[PDB]
Each structure stands twice: as structure tokens, then as C-alpha cells.
2 protein chains.
Amino acid sequence: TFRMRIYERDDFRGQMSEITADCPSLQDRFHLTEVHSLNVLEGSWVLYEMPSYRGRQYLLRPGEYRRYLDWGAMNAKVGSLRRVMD
Amino acid sequence: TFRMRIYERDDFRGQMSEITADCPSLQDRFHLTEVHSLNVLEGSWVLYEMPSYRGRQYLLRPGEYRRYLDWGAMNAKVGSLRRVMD
């Protein structure tokens, strides 16, 4: 019950990648260096600007985010994703 | 099952305030503009730089943060606190 989908393009367009675990490095695993849209289907996650959980943080609660501005980021870059459990 | 203690001073010194609910403004609730140390007993919370959950965000999971540097901030400014639920 931690499931989200990230897209190559804005508004849920482009290839999709479903993430169900923490990811210390989006570039190494998914070869993504920018997430343009995302849909948080289950659970809250924290999106990090840099790899290994570093840099500006942005909380992600269940819902749709069709553009990086929606999660309050200044750019579409993201280095790691983490699930909020404890 | 959410709970934390907030101190205006470093290393858990001095006056302590306990919270179990969200708080849009720490200035209003406790006449606080800066928090210098905290102990997150239960739950995961997001601490915001400014009131009404706005500004830089910093995730706090159960644990002891004896000084602001410990939750990644570059200053002790904190405006609101929210429990990570949904």
C-alpha cells in the first residue's frame, strides 16, 4: 500500500513507471533525471531533489500532480523517493 | 498516536510543549517563531518553514532532534507542523 506512477511528460503523458518501494536513486534505477507528472495512488511519500534522500524535500499525499508546480517544486528534477512509514 | 515535544532551547533544555494534533501556526499556539530542539515520540510529521504549511519542508520521523541541523534545516525558523496521514 505504497504505489505511485511517474511520467516522462506533463499531464500523465509518456511512458509510465510504477514505484512501490523507496528509491535512493531514480537515475540509476529508472534512468530518469526529471519527473514531469506523477500520480500517488497509495500512501504518502517524500520527494527529494537529490539522490540518497538529500536536498529540498516535498511531501506527496494521495492525489494527482500533473506538473512539477503542483508539488511545489521549483524545477522538474528529483533524485530519490521515500515512503513515509516510520 | 502522534506526539512530540517542542523546546525553544537546544538539547531538550528548558520549557517543553507537547502536541498530538496539527498546528497551522506555532506563533499562535505557543508564541513560538523558532524551535531549537524536539523529540518526536510517535508518528511522522512534516515541519514547515512558514505558517499554514508553506515554505521549505522537512520530514520528521520518530526520534530525537537535539538541534535544528538534525532535521536538515539551515535555521531554527518553523511555522507549522502536520501529521503525515493522507
Side-chain angles (χ1 to χ4, degrees), chain A residues 1-6 12 18-26 29 34-86, chain B residues 1-6 12 18-26 29 34-86:
Chain A
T1 282
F2 277 118
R3 180 158 157 242
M4 85 172 257
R5 306 183 153 159
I6 67 185
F12 308 148
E18 199 175 291
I19 298 86
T20 44
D22 300 339
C23 173
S25 174
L26 203 58
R29 194 154 105 212
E34 278 176 51
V35 171
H36 280 77
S37 71
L38 80 234
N39 188 162
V40 181
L41 299 167
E42 286 136 39
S44 306
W45 300 66
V46 170
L47 181 151
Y48 295 80
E49 182 186 36
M50 270 150 28
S52 301
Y53 318 111
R54 280 192 34 142
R56 295 257 311 197
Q57 313 183 22
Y58 305 98
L59 176 69
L60 257 26
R61 290 184 290 135
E64 316 183 331
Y65 305 81
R66 312 162 176 257
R67 202 157 250 98
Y68 72 86
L69 286 168
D70 300 354
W71 58 81
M74 293 135 29
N75 50 42
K77 302 194 316 159
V78 25
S80 34
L81 295 162
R82 188 217 280 296
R83 298 174 299 177
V84 182
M85 9 183 226
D86 252 26
Chain B
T1 221
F2 270 99
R3 163 181 266 90
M4 68 182 287
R5 301 180 166 160
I6 289 156
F12 311 153
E18 197 167 279
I19 77 166
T20 54
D22 303 293
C23 182
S25 147
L26 271 67
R29 194 100 134 74
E34 286 187 322
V35 175
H36 276 68
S37 68
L38 52 98
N39 188 171
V40 194
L41 299 165
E42 306 171 53
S44 281
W45 305 65
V46 172
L47 165 157
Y48 297 77
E49 179 195 33
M50 287 153 46
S52 266
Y53 324 113
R54 316 258 232 267
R56 269 288 284 265
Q57 300 172 42
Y58 310 98
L59 177 78
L60 306 174
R61 285 176 290 146
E64 307 174 348
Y65 307 79
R66 300 162 187 267
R67 35 174 44 62
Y68 70 78
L69 288 184
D70 292 0
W71 60 77
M74 302 202 111
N75 61 41
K77 289 220 246 148
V78 345
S80 41
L81 295 168
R82 167 146 75 186
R83 302 171 295 165
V84 169
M85 272 148 56
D86 248 35

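By convention in this document, chain letters (A, B, ...) are assigned in the order of the sequence lines, proteins followed by strands, and residues within each chain are numbered from 1.
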Looking only at heavy atoms, the pair that brings A:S44 and B:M85 closest together is OG-O, 3.6 Å
Minimal heavy-atom distance between B:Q57 and A:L59, with the atoms involved, is OE1-N, 2.7 Å
Honestly, the part of B:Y53 sitting under 4.5 Å from a heavy atom of chain A is neither
So, the part of B:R54 with a heavy atom under 4.5 Å from chain A: the answer is neither
In terms of heavy-atom pairs under 4.5 Å with chain B, the winner among A:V84, A:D86, A:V40 is A:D86
Open item on the list: Counting only heavy atoms not in A:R61 (residues, nucleotides, ligands), do more than 12 fall under 6.0 Å from its CZ?
Closed with: no
